[PDB]
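Here we start with a single chain on its own, the form deposited in one PDB entry, put down as structure tokens.
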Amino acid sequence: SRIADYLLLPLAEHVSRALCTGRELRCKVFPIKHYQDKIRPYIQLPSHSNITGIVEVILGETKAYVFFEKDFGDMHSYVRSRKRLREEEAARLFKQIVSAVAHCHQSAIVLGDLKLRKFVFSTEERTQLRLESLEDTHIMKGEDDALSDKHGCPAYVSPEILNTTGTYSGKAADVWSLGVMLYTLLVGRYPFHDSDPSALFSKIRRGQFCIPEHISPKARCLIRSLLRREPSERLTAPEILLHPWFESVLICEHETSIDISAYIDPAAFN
């Protein structure tokens, strides 16, 4: 069926493939009355190589048609296909994932529902990721990030969502999800796993998880920086982006001096 220089072709929910030129887009179809709130996040957020933009919206009598570039698979199927990722690749990909999240947080968009499925390859190259969708993120006002809508995939849920009543820091929660991602890319399993969701929540509450020996020292203590029990102890998405691991693979009680060179590859950092 025609829209406006586009053929719509099925995909079975309300996404269909659109085709120009010979260009192949994806196309989400909403009823006009509710299209505008759906696309609000895209408006608030500046464009970014790792966030999926709106290409075009076209209006019909009953429906809005919102046009999206197409993906070539998601990071969750990627990890199943590839049992675990080699740090070089993990770092290459996880950095893009974090830049996406950081860029959102800088523009006061809290993601809320981070998971490997939400990041998709942008070409058949399958070297470049993008946040698939903003459809259900949370548009914040300035520096605020407190939220109480507790919705998401169980393996990625932070302890504070499970043991706090009321609000929680949505950015800190997002960072925990990034920790779950990083673990799961390098290891090949979730840090906390069970078939039953309530059983899985009881092991997140407990917080016991083991990083196997094959993981590098710098990647190990990046993971433990993100999967901290206390949310305020976790790193910010901006500061994850500057953590030694990436360049390496391309008051206290003691004031002990050490060889800083060992933690640092300014060469690779730029």
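So that there is no doubt, residue numbering starts at 1 and follows the sequence shown. Take the two forms, find the largest set of C-alpha atoms that superpose within 1.5 Å, and that set is the rigid core.
According to the record, the deposited sequence contains 1 to 3 residues between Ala12 and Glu13 that were left without coordinates. The modelled chain breaks after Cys20 and resumes at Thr21, leaving 1 to 3 residues of the deposited sequence without coordinates.
As recorded in the PDB entry, 148-156 is the stretch of 148-156 and 96-104 with the greater mean C-alpha temperature factor. As listed in the deposited structure, the average C-alpha B-factor of 197-205 and of 214-222 is greater for 197-205. By the numbers in the PDB entry, the CA B factor is greatest at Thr62 among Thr62, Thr52, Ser232, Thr236. Sorting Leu45, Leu227, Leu242, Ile32 by the CA temperature factor given in the entry leaves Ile32 at the top. In the deposited entry, the Cα temperature factor of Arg130 sits in the middle third of values across the chain's modelled residues. Among the modelled residues of its chain, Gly179 has a C-alpha B-factor that falls in the lowest third, as given in the PDB entry. Placement of the Cα temperature factor of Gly170 within the chain: lowest third of the modelled residues, per the deposited record. Ranked within its chain, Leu250 lands in the middle third, by CA B factor from the PDB record. Among the modelled residues of its chain, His76 has a C-alpha B-factor that falls in the middle third, as given in the PDB entry.
Not pictured, yet referred to below: the form deposited in another entry.
Taking the core as reference between the shown form and the other one, the lone member of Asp194, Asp74, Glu89, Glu160 whose Cα moves by 2 Å or more is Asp194. With the core superposed, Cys210 shows a C-alpha displacement below 2 Å between the shown form and the other one.
If you fit the rigid core between the shown form and the other one, you'll see the Cα of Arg40 move by 2 angstroms or more. Annotation: Cα of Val29 displaced by at least 2 Å between the shown form and the other one, core superposition. Whereas the displayed form keeps them at a certain spacing, the CA atoms of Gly152 and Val101 lie at least 3 angstroms farther apart in the other form. The gap between the Cα atoms of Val101 and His34 is smaller in the other form, by no less than 3 Å, than in this form.
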